[PDB]
Structure formats: structure tokens, C-alpha cells
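Remarks on the structure that follows.
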Ligand SMILES: Nc1ncnc2c1ncn2[C@@H]1O[C@H](COP(=O)(O)OP(=O)(O)OP(=O)(O)O)[C@@H](O)[C@H]1O
Ligand SMILES: Nc1ncnc2c1ncn2[C@@H]1O[C@H](COP(=O)(O)OP(=O)(O)OP(=O)(O)O)[C@@H](O)[C@H]1O
Ligand SMILES: Nc1ncnc2c1ncn2[C@@H]1O[C@H](COP(=O)(O)OP(=O)(O)O)[C@@H](O)[C@H]1O
Ligand SMILES: [Mg+2]
Ligand SMILES: [Mg+2]
Ligand SMILES: [Mg+2]
């Protein structure tokens, strides 16, 4: 005997639903429109109450296409927020925003479901253990080491390598991970989700037979989806991540590509809700919508989520409010560059604009910390000299400033690395580089014992030994 | 054959109110029957830019609105600005309205 | 003028005009204005919080005692459904101006220091129908002492067009002696 | 608000004690700025086509509580206020059939080529859903553009979204046109959408298709700049739904959007007239979702659906090469690769002005055939060498034979890449051109001799030794039998071209 | 009405009572060592705070006669500050920089240095990540800095009304000790995030916006906040309140609206730059601008 609504208005994906005066749905509750098409009757238009409007009327945002909805259809209030299946039944499965399987398999076991709107963990239940986390990448392990159990951001514009670098952090880590990984695809290419679903199966992670032993749950709301769906994809993936943290008490990896598209979709429907926008046309509730996602990610004293997010940066502008509101939530930010990707240095990580909480001597060690400083002191000094050498060139620099230019020109190429994922672009095989290899490889450039080698010997080699073996062939071949 | 009334004059922009059925469509020329400084008739030509709803158009004047009064009669021409064409136009300077402003008589 | 209050009142007049209840509807509209003057009665209809269902029941009882016209009872019911009861007072006042237009009547205002006689009123009505073109002319009187002796009339579609000779002699003579 | 017009209100008073359904027809309240508000139509669906008395169609999109906002497809310059409207019942469709081949067509799929009516039996939705995560597979067939610089170095596969991006007058329409001209032998249906362009410019392209027989497998969806902003916003979704009729009927399809840039500015025009709050460069927030509804419909489908594909080549114009601009950066984040046509090369006569080092493709080696994977791999590494060797060339100025050879090789590698307009090269001819230029069989020629030599060399192999074409068209691999049979013809052509 | 919580259960048409009071805070000596909310309710999970009095959350500043000149040092332990940009008791010194440049670590080292200086410290953390606030509390409590420190924490999961009121919750605590002859230090970790919470509130109240859609009274937001930090005269017991606001900039853009406002309010600024930071100069005081 649920209360029954009628649709009053349809403006895009935003529906205004007229309810009886005694009973109104609460904010964030899900509504099921009856729905109708040419062939059949789909109840697959799920809504979500945003605003109570008055005159016994709510304002809801649809999670599907609203084409084919008529003013005056029956709307069913579910009485609860949007619930999603969680647990071991979600392992190996691709989901909608609505928690519904897309992978053309059997229906999921919905004995255990969970709402997508939950409060964050309490201040008491947090853990303060600062463990380092190794990724196999030379820019990442040296100059911005990642937080085991914390938020991590990959910043950069279009076509710089956020997706290729995030597929390297799945490749190096998620198979070596002792727990469940969760991928959340928010506003990305549906082709890229097809490749990841094949990369998981080919790597043995999503096994075709005995699918309940898979340790990856995929959640996809991509570019084609309506903007109300793409707001709630990240909350569907996060609800499934925080089941394994709270109930199964496992360490969880949470890859979300892209969380900018989570913001951009919340900006599009905020225009339809009639709200007064903030700077750059963004929604006024931007820091609260963004913080409602990121404060549910933090690790508890039961389990631990590590999230690696790709944050798209519009127009290469890190001062844009949607990149800027993300920086406050992150333990490590890996800013990718376009000027480095235009050179072909990959991963195109800006080594000075990429930061970390972890790069402190009580965490990384004293040997690691004193060399991460000396790389950044070298690349800062060469950053300052690129107005003198922009016009006059190298010829007018002093003996010391030419030596800092010479070493920093070798540091920048040894920061680059071939990836396993990028073996279909270049053909060269990727190299995992351990941190013990990374610290000693930059000890040699800063001590100057490899000043005789050419600079192209350091480009796209794993160890510093491969930079030595490449230096032979450039010196040998005549 | 339609008479409208000026509803408002805000700058060069006029709003003209029409009867409910007889109604100009967009880009038609409106001829505002105005009065001059001294007291002679002089007409102001306009062009419908917006149909505002409630039988009311929004027009942008082709001349000065200085001295127009809310409630003067406006002729709907039924067509946009028609301008003389031919060999009668050669050697002549014209207005926007197709009116000769070179003081050599009318365009025959 | 074309504002929401004016827009509704014009509709109400048009339906009366069609059905030939212009005299009959006008009396009812005047009757409504007495009803909605009261702060308590107006407040009950106007506020959003009181339930709409309750409002109709009370409204129906009010209509029965009032004995309003069949459309006039609808017109208020239409206002209530479409939320515009907060501007009933503007709408009712607006209707009077529209109602004069339909008849082709005009209104005039004449003011004096002391009360005056009916033949003066009829001759002012003659002059106002002359210079205005009332199909018919109408008249109102407001006694104000702070003038000297004259009469001021006020007419037009709005209360705009004004001619007088009481103190405009004196203020005119100040402004003519500064010349 | 819009409904309180006093005719609508007056009608209401008369019928208050009454039940009614005005669900069938409606009354136009106002027409202005590309949208019409319509009282009535109490049972239209969202996204339904509505019909007017003048014949203008509109898509019902803003279904408010008393009126309906209808997005006018066309000029509303005739729609009289108060006129009656009609709920069609159908929900934003174009008719689509096999009879669209050879036809130049509108955004409403009406013929504009003056050649009569077009018969159709089926329909397809304008806003139709993209293929899902399981309805796809990997892009593996090549789509051959005939331009050597694409087909060797930025190769486009079937099902790939590839961006053609550059400044104005840099040959963007040419790369799109020569790709359509190359699909003669293949079972690929091309669709050309011209959004907001010169009508003279579209008429040249249609005539170039008639002249070369490309208009037996091509639909041209033509809006002009004189056309209203809604039809320019609509026309890529029309041309994509023509291209989805063949995709889901197991055919392969090629869609070209000329100016996705001009669709973005027509939808910006629409939404600023709708008084919607914009963002960067005054584009609204739905600008990403504008072009990602469109380009996610391009997909290599799985074998469970029949393996249709749709290669989308959108064209985006940049302003002085601003890749950081909002509309190029949105489409780069949707597209699988991009082909940068640069204006320094176009002004230097390096047509097609393809900036090879900055142009990427996501399926590089998966697209190309095994002859192209084997032969053009040495092409990609030589231009990696020659890009660094053109640097410090004038600084050194004493060019030794470990460099002066590798530079004069690299200048004639560019002469391989120059093609004339509206003349593609077959895959046998591309693997024959890249083979000779990489080995150095052109080094004794001058820079004004390589272009004339290779034309005499491809005409030699068509006529005299056609067994080279038999190997590459059948085996699709650069065989040792094919390599020797080519070298024999290189020797004969050097003997002929000298004397 | 702007809500001090999420309005999820609130029903349209339900009743709502007016409390009679404006914005009070329970206040005592027992807040020392407690991590509290913007409502001064303890969120560290260590028991209820015994508090008898109350102060107003928006209480007025001391006047011109209620003060005296700033004459006593407040040592930060950073030789770059205590020699060239000195902060005294009663002074408002802004700490302004970019992201990840040393803003908190300057301000934390100030509180840690007050170990035997006999001052009360209040750390307000507006809009800051809860694992970042829990790491600051853990660093304080390990050194014994929590013996004299209050931490007021509003993380970004909280609604915007509580982030807006977190500095006024902290400053009303500081004025409890300033008026009882104690000297107090208050750090607002991210004033820029107080203004963005106040921008959100005023844009959902449908107030007309200004530069960067901030309301016009976002200057009066920080001015009535920071003018509360003062050194009182000898008649008022001569207690002090040193404010240390923190404002981030966008790659050093002080042409931005909120840093331009707060620089004009405080009694000086400490510029931390990222170029001096990466080149080894730590703490990265950009002195010629400071
Ligand atoms: N490969 C080529 N060889 C020779 N000429 C070419 C080639 N490609 C293009 N052109 C010439 O260059 C001119 C510009 O090309 P085109 O119009 O195709 O580019 P566009 O960028 O689409 O131009 P616009 O932006 O003005 O529409 C054309 O006149 C064409 O004749
Ligand atoms: N004097 C110093 N010596 C060495 N390292 C320092 C010094 N001051 C700050 N740091 C380092 O700077 C890093 C960033 O510091 P902090 O977080 O305090 O800056 P912030 O501006 O508050 O950053 P955010 O904007 O992320 O809040 C810290 O990890 C810290 O180790
Ligand atoms: N490590 C790498 N090596 C070679 N090329 C790369 C590498 N990383 C990225 N790229 C190039 O950049 C292109 C776009 O990168 P992508 O991950 O799509 O960027 P984004 O995530 O910003 O969209 C890739 O198609 C690839 O060609
Ligand atoms: Mg990407
Ligand atoms: Mg063109
Ligand atoms: Mg900090």
C-alpha cells in the first residue's frame, strides 16, 4: 500500500511528481515510474527525489532515458533510497547505475542489498597508519609516493594519459592485491570498458568459469548515459567497495575513471533543477557533492579503501573549480602534463606539480627523502632557467647552470618509463621498476657518475642498468 | 490590414499589441504612425524580431523612437522590408527602407 | 497594462460579455470585493499552508450565501486551482477598469471644497463624454477642503487626465511672476 | 506564465464543471528563438514529434505542468500564434531504408537534391541508445583512407572514432572526402554530414561524388549556415541514425561529421536563447553530452549482433591550433585518436598537411593488415629519427654521411606522403610506395622527381606485373615472393625513368 | 531557513518551532583536549563535555577602547618568521600559499611551540578531509600538544552551514579564554573553504551573487570573524587572541577574490611559494612579499 504519484512535469531527466498530501517521499528516495513503450511496459525508469517543491510535489532526477514518458503516469515511491546488490554476488559482474547486471549473465543474488546514500565513517573509527604503497612507476614511487589506504588523484587534460596510467595501476597492483578491487567507470568510452572487461578476463582475474572467485566488480555508467545516471555511478561503485570494507573487512581498491564526469553530470542536472550556478556555470553545491563521495572512501579500523581516481582537467586549467575542489580530498596528486606528452615523455607526469603527503622522512625513509628533494631541487632550477635558454639558448649559461641543465635533462628522461599497457602503441615491452632500483638510479645521476653517457640513453628504460646498456649501443654503433 | 498599438517604447525597441487573430509573423515590417516635433505626421518603420506571446510582438525600429507614444496605431504590412530594385536604383543612395537619401527625387 | 492580475480579470469580463451577464457579473464582482477586504477572510484563502481541499468546501459555502453568478463561482475556483489567489485583490480591482472598456463607458473624478448639485455633475458628464467619447459617461465625487473654491476632474483610461481651476491659479501666478 | 493568456483562461471558466481530454491537439502560445510553447497536448510523450499547420515538425521536450516546450525543427517564421498542433504519436524518428543511397538529404531526412520522394519502410530513433558494454568487440578490420600518412602511421580501424582536427582551410574536408572516395571496392556505406557549411561547398562535394561514382554508397546530410540552429543541432543525429540502419543490418558504415564544432555552436545558440546558464566560452554544460551521445554510437559490434561497424570521423576546427580550447578538448576525450592537420604544413605545400608526430590512434597495430604492420613499422621509426635530425641540422652545417644520408632520405619520405586531392591510393600501392622510399631506392632522385617517379612506378605494376597485387589482396602479407617481385619492377622503372 | 544538517527526513508541511535564541555554544575549561563539532559536541568519542556557561557564536568584536597595542611576542619557532615577519599576541597573521606548500605545517609548528608558553590553542579545520584532521590530532596528541589545544573539525561530508559556523564556533571558544585573562591562538585551516560554504548557502537562498558568485557580504564574513582576534586592554584583564588564518591560492593567484579580501583584513601575511618549496628552502617563506 505504497503512496502513488503522478508525473506533473518532464524537463529532460528531471521529473516533478505530484503526490497525495498525507504522504510525501523523503529526499534521496527512489521513485519507480510505470513507463510505457511501443513493445511492452518498462518500469525501468527509476528516479531519485532531490527537492520537495511544495503543493504536494517533489522534484526527482531520472536514472534512464525519459523519452516516452507522459504527464500523468503512475509513480511508485519505493520508500527507501536507491539500493544496490553488494557482496560476493557482485564479483565478476558488470553493473548499471541501478545495480543491474549488464554482462548478459544470470540475475544477481539480491539477498544482500545496500543503499547508495550512507553517511561517512565517524571520526573515531578512522585509522591513522601511514603505510607507503609501491606501484612500479619511477615518477610515482620516487617523487609522489602513494598512500596505502587513501585517496589518489591523476590530473590532466584530454589525451595526456590518465587512462593509460590508471590501467598500469590496475596491472601492477590489482593482481598483487590481497583483496577485492572495484572499478567505477563514470563517463568514459564504452570501448574502454569493453577493453578492461577483456583485460580482466585475459589476465585471469574475471574467470569465465567459477565467476564467484574473481575479486573484481565492475560498475559502468559511461558517456552515452543520461546525466542523472552519471551522478550516481560513483556512489554505486563506492557502496560496493564499502561492503567489503565493513562486512567482509577486506582491503579494497577503488578505481574511478573519471570523477570529473561525476561533477560535470551533477552540474548538468543542477541546471535543470533551477539552481543558481556558481563560478564557471557549476552547481552551487559543488564542494558538498564532491565531499560526499570522497569522505566515504576513507579507511576504517576494520578495512581500507585505496582509491585511484582520474580527474579530468578542462582546458588544461588546474584552477578550474572541479579540479580545484578535488585537491583537498587527496593524499597524493599525480598531475600529468601536456608539454611532456607533446615531447613523447610517458607517463607525462609533471615531477614538480605532483605532490604527496607521504614524501616525509619518517614515512619514506631518510635515503629516499633526501634524493626526492635533490631531484626536485634540480628540476626546479632547470625550470627557472627556461626563460634564459628560451631566448639566448644554452650558450650563455654559467658553468654551474649548464651542469644543472645537463643533469636535469637526464633526470627528465629517466623519469619516463615503458608500460605493459602501452605495448600496443610502441611495441616496446614494459618494465616494472622497484623503489630500490629507483632510488639507486637517481643516486647515479645526481652523483654524476653517469655524466658521460648520452641523454637518450635514459629515455624509456626500466633500470639504470638498461640506461647503461642503451648507452653502449648509442656509443657502439657506427 | 492590421492595426496594432504600441505597448511599450524602451530605447529603439518597441512592443506592439495586436488583436488576437490578426498577427504579424517574424521579420515583417511595422509602420508606426507617429507625429513629429512640430505636429505633422511622420511614420516610423520597424521590424518584428520577437513574438512575445499574448498577441504582442517586439520590434526594433529602423529610425528614431524619440517622440513615440504608447498607444499609437501601427500598420502590419504582412511582408518584410520591401525595397525598390531595378535600373531605377543605379546611381542612387538609399536608406535602409529603400528611400533615396541623395535628394534627387523619388525612385520611379 | 498587461500583468497577471490584469490578465485574469480580462478573461472574467470576456466570458460575461459573451453570455450577456455583464450587469449580472459586475454586481457579483463588486460583491466579492466586500468579501475579500477582511484581513481574516483574505488570509485564509491566500496562504499556502491551509489545505486546498478545505478551501474549496469553505468557498462553496461562501458562494451559496453570496449567491454569485455561475461563472463567477468558477472564476474563483479557477484562481484557487492555479495558485493565483494571492493576487485576488489586484484582479478584482483590475476588472472594474476592463468592465468600463467593454461597455464603452468612461469614468471621471470631480473634486470640490463643498458638496455640489446634480445638474453640475450632469454637465461635467456631458463635457467628459464630449472630449472623451464615452459611449456613456460616469462620475465620482471626493470632497477635499485644502483647495480654494474650484473643481478638479480626473478621467482617462487610467486616473490620468486632469483639468482644474482652484489653486492652479495661485501656483500658476507664482510660476508666472518668476518669469 | 505562458498559459495565462486570457483566451486559455476564458475557455477554462466556461468548462470548469466538465471532464475533458485535450490530449490530441493543442494551441501555439508563442514562437520565438527556436522553441514553441504549446497549450494542451495532455498525452504527448517526452521526445515526441508534433506537427503544425504550416508543416513544421517539432520535438516535444519540455513538458511543463500547463504547457509543452516544443523544439522547432526548422524556421518557425510562419507558425501563426493560436494555430493548431498535432501529436504524431511517433517519438523522434526518421524514416530510413536502402533508398537513401545516392540522395542528398536534409536533417529531417527530406530530399533536397531535387530528385523526388524517397520510399522507406522502417524507422530509427534520432536519440537512440549506443551499444552497451557487451554488444561490442575489438576494432580489428582496417578502414583504408587512401592517404598514406593515415593508413601507414595513424591507421583507422572499422568501428573507431577518429578525430580530424585542424585550423580553417587545412584540408579537413579533403581527408574526409578522400576516405569516402576510397570505399568504392569495399562494402562500406559512407554517410557525409555537413553541419553549418557553405551550400556552395556542399554542392562541390556532392558533384565530386557524382563525378567519381562515390554517390552509389553515400548519403549526404546537408545543413547550411543559412539553416536554423536546431536543424544543425539535429543533423548529426539524423546522419548517425541513417548509419545505424546499416550497422544493425550487418553492414559496415562510415559517418563523417563536418564541423562537430558547428554543431556545438548551434546548440550553444539554442541554449543561450533558451536562457540556460552557460560555462566555459559560453557553451552550456550539456556540450560534452551533446557529442558523446553522438560518438558512442560508433562501435564495432559483436558477432552476436552481426558485426556491423560505424567508423566515425568527426571534424573539429581549432582557432590558431588551440587544442586546449573547450570544444576540441571535449571531443579528444571522446574520440579514440586524432589526426592533426597543421597550418604551417598546409601553407608550405605539404598537402595533406598531416602532423604525423602529434597524431595518435588508439588501435594502431590492430587495424593495419600484415603487409602494413611489417612495412610501415620502418616508416614510423625513420620519422622518429628524422624529427631529431632536422633539429641541429643548420646548427651543425657539416653534415656527415651518418646524417646527410639520413636527412636526404627523410626529405623524400615526405615526398612519399604527399598525395594530390581526390586521388586515394590502394593498399597495394601504399605498401609499394613506403617500401621503395624506406630502402633508399629514391635517393638519387631530386625532390621534384619523386612525385613523378612513383606515379610511373604504380602504373608499371598495374599493367605489367599484376602478381604483386594478387599477393597483397589475397595473403594480405608482405611475402618474400612479393618483395622480390616488387624489386624486379623497381629495377625496370629505374631503367625507364632515366632515359 | 538554512539547515544545520541534511534535510532528508523533513516533511513538507510539517511543523517547526522557533527556539527563542540565537546561536549559542556550551563553553568551559573542559574543551581542552577534545575534538569537537561546529556545535561544540565532542566527536572524538571520549565522553560529554561538562560546560555551564554559554557564549554567542556571533558575538561582537572588542572596540577601539577595549584594546591595547600588540606588544608581546608569539613565538613560532621558525627563524624566518620570528626575525623578519614577527607575530605578536593580538595579531592576525595570514598564512597564504598554494596547495601543498607548507601552510598547515607552519601553523601546526606554531601550536606545537606553545608547549610551555601558557597559551590556549584552537585548531579550526573547515572542509578538510577527516583522515587529514585525524592525522593532525594524532600529531598534536603525541607531542602533548593536546593538553592545551581544542580542535574544531568540520569535514567536507558535513553540510555547508556547519562549515560556515566552524570558525565562529572556534572563535567563541577563544573569546572564552581571551576574556578570562588567558592568551589564545586560533588557526583557521582554510578560510577559503569557509567562503565556499557560504557561497553555497547564499546561492541556494537565491541571493544575488557577485565576483566568482560569492555574495557581497563575504568580506563582512571574514571581517567580523577576524576583528574578534585582538589584544585587550589592562582593564579587560589583558588577554589576547592571535588569529592565524589560512588561505590557499591558485598557482599563486592573489588576484583571486577571496585571497584579496583576507589579505586586506589581517595584520600581515606569510607567503609560502612552491618555487622556494621545491628548491629546498623550507619553510618556504617568500619574504619580500610577506
Ligand atoms: N591533398 C590535397 N592536395 C591538393 N590540394 C588540396 C588537398 N587537400 C586540400 N586541398 C585544397 O585545399 C583547400 C582547402 O581544403 P578543404 O576546403 O578541404 O579544407 P577545410 O579545412 O575543410 O576548409 P574550410 O575549413 O574552409 O571548410 C581546398 O581548396 C582544396 O582544393
Ligand atoms: N619546514 C619544512 N621542512 C620540510 N618539509 C616541510 C616543511 N614545511 C612543510 N613541509 C612539507 O610540506 C608538505 C605539505 O605541507 P602542508 O600539508 O602543511 O601544506 P598545505 O599547504 O597545508 O597543504 P594542503 O594545501 O594540501 O593542505 C608536508 O608533507 C610537509 O612534510
Ligand atoms: N605510456 C605511454 N606510452 C605511449 N603512449 C602513451 C602512453 N600513455 C598515453 N599515451 C598516448 O596518449 C593517448 C591518450 O591517452 P589517454 O590515456 O586516452 O589520455 P586520457 O586518459 O587523458 O584521455 C593514448 O592513446 C596513447 O597513444
Ligand atoms: Mg582518458
Ligand atoms: Mg570544409
Ligand atoms: Mg594543509
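Basis: the model, the stated rules and, where named, an outside source; these are not laboratory values. Don't worry about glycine lacking a Cβ; one is built from the backbone with ideal geometry, like all the others, and counts go over all protein chains shown.
Residues A:99, A:72: which one is assigned by CATH to the domain that holds residue A:252 and closer than 27 Å to residue D:47 by Cβ?
On inspection, the qualifying residue turns out to be A:99.
Taking the stated definitions as given, is residue A:351 part of a loop (DSSP other than H, G, I, E, B) and within 11 Å of chain E (Cβ to nearest Cβ)?
Here the answer is yes, as residue A:351 does meet what is asked.
Test residue A:175 against the criterion of being more than 16 Å from ligand 3 (Cβ to nearest atom) and within 11 Å of chain E (Cβ to nearest Cβ), and give yes or no.
no
Residues of region D:331-354 being closer than 26 Å to residue D:299 by Cα and within 14 Å of chain A (Cβ to nearest Cβ), which ones?
D:331, D:332, D:333, D:334, D:335, D:336, D:337, D:338, D:339, D:340
If residue A:426 satisfies every condition in (1) in a loop (DSSP other than H, G, I, E, B); (2) closer than 23 Å to residue D:337 by Cα; (3) in contact (Cβ under 8 Å) with a residue 40 or more places away in the chain but one, which is the exception?
(3)
State whether the residues of region D:266-282 include one that is more than 14 Å from the chain's Cα centre (by Cα), at positive phi, in a helix (DSSP H, G or I) and more than 16 Å from ligand 1 (Cβ to nearest atom).
Within region D:266-282, one or more residues are more than 14 Å from the chain's Cα centre (by Cα), at positive phi, in a helix (DSSP H, G or I) and more than 16 Å from ligand 1 (Cβ to nearest atom).
Of all the residues that make up region A:2-36, how many are within 14 Å of chain D (Cβ to nearest Cβ) and without any contact (Cβ under 8 Å) to a residue 24 or more places away in the chain?
0
From the list D:314, D:328, which one is within 16 Å of ligand 1 (Cβ to nearest atom) and either within 11 Å of chain A (Cβ to nearest Cβ) or closer than 19 Å to residue A:315 by Cα (or both)?
D:328
Might you check whether a residue that is over 23 Å from residue D:232 (Cα atoms) and in contact with a helix residue (DSSP H, G or I) (Cβ under 7 Å, 6 or more places away or on another chain) occurs anywhere in region D:86-104?
Looking through region D:86-104, none of the residues is over 23 Å from residue D:232 (Cα atoms) and in contact with a helix residue (DSSP H, G or I) (Cβ under 7 Å, 6 or more places away or on another chain).
Is there a residue being within 30 Å of residue D:31 (Cβ to Cβ), within 14 Å of another protein chain (Cβ to nearest Cβ) and either away from ligand 2 (no atom under 16 Å from the Cβ) or out of contact with any strand residue (DSSP E or B) (no Cβ under 7 Å at 6 or more places or on another chain) (or both) anywhere in region D:191-212?
no
Filter region E:265-281 for residues that are farther than 21 Å from residue A:324 by Cβ and out of contact with any helix residue (DSSP H, G or I) (no Cβ under 8 Å at 6 or more places or on another chain) and give the result.
E:267, E:268, E:276, E:281
Here's a check for you: in region E:114-143, which residue that is closer than 19 Å to residue A:362 by Cβ and surrounded by fewer than 19 Cβ atoms within 10 Å (Cβ to Cβ) is nearest to ligand 5 (Cβ to nearest atom)?
Applying the filter and picking the extreme gives E:135.
Which of the residues belonging to region A:330-348 are in a loop (DSSP other than H, G, I, E, B) and either buried (at least 21 other Cβ atoms within 10 Å of the Cβ) or within 16 Å of ligand 1 (Cβ to nearest atom) (or both)?
A:330, A:331, A:337, A:346, A:347, A:348
Check E:249, E:260 and return the single one that is within 16 Å of ligand 6 (Cβ to nearest atom) and on the phi < 0 side of the Ramachandran plot.
Within the list E:249, E:260, the selection yields E:249.
Can you tell me which residue among E:221, E:165, E:173 is away from ligand 6 (no atom under 16 Å from the Cβ), farther than 26 Å from residue A:292 by Cα and crowded, with 21+ Cβ neighbours inside 10 Å?
E:173
Could you please give the count of residues in region D:185-198 that are closer than 23 Å to residue D:316 by Cβ and either within 16 Å of ligand 6 (Cβ to nearest atom) or assigned to a strand (DSSP E or B) (or both)?
So the answer is 9.
Mind checking which residues of region E:124-152 are at positive phi and in contact with a strand residue (DSSP E or B) (Cβ under 8 Å, 6 or more places away or on another chain)?
Once the filter is applied, which keeps residues that are at positive phi and in contact with a strand residue (DSSP E or B) (Cβ under 8 Å, 6 or more places away or on another chain), region E:124-152 yields only E:127.
Pairs, please: C-beta under 8 Å, at least 6 apart or cross-chain, first residue away from chain A (no Cβ under 14 Å) and in region D:249-265, second within 13 Å of ligand 5 (Cβ to nearest atom) and in a helix (DSSP H, G or I)?
D:256/D:176; D:258/D:172; D:258/D:173; D:258/D:176
Return the residues of region A:267-298 that are within 14 Å of residue A:234 (Cβ to Cβ) and facing chain E (nearest Cβ under 9 Å); say none if nothing qualifies.
A:290, A:291, A:292, A:294, A:295, A:296
Taking into account only those residues within region E:7-25 that are out of contact with any strand residue (DSSP E or B) (no Cβ under 6 Å at 6 or more places or on another chain) and either outside any loop (DSSP other than H, G, I, E, B) or surrounded by 10 or more Cβ atoms within 10 Å (Cβ to Cβ) (or both), which is farthest from the other protein chains (Cβ to nearest Cβ)?
Only one residue fits best here, namely E:23.
Filter region A:299-323 down to the residues that are within 12 Å of chain E (Cβ to nearest Cβ) and out of contact with any strand residue (DSSP E or B) (no Cβ under 9 Å at 6 or more places or on another chain) and list them by number.
Those that are within 12 Å of chain E (Cβ to nearest Cβ) and out of contact with any strand residue (DSSP E or B) (no Cβ under 9 Å at 6 or more places or on another chain): A:317, A:319, A:320, A:321.
Which ones in region E:114-151 are within 15 Å of ligand 2 (Cβ to nearest atom) and under 13 Å from the mean Cα position of the chain (by Cα)?
E:123, E:124, E:125, E:126, E:127, E:128, listed by residue number.
Inspect all residues belonging to region E:42-51 and state whether any of them is within 14 Å of another protein chain (Cβ to nearest Cβ) and touching a residue at least 40 places away in the same chain (Cβ under 8 Å).
yes
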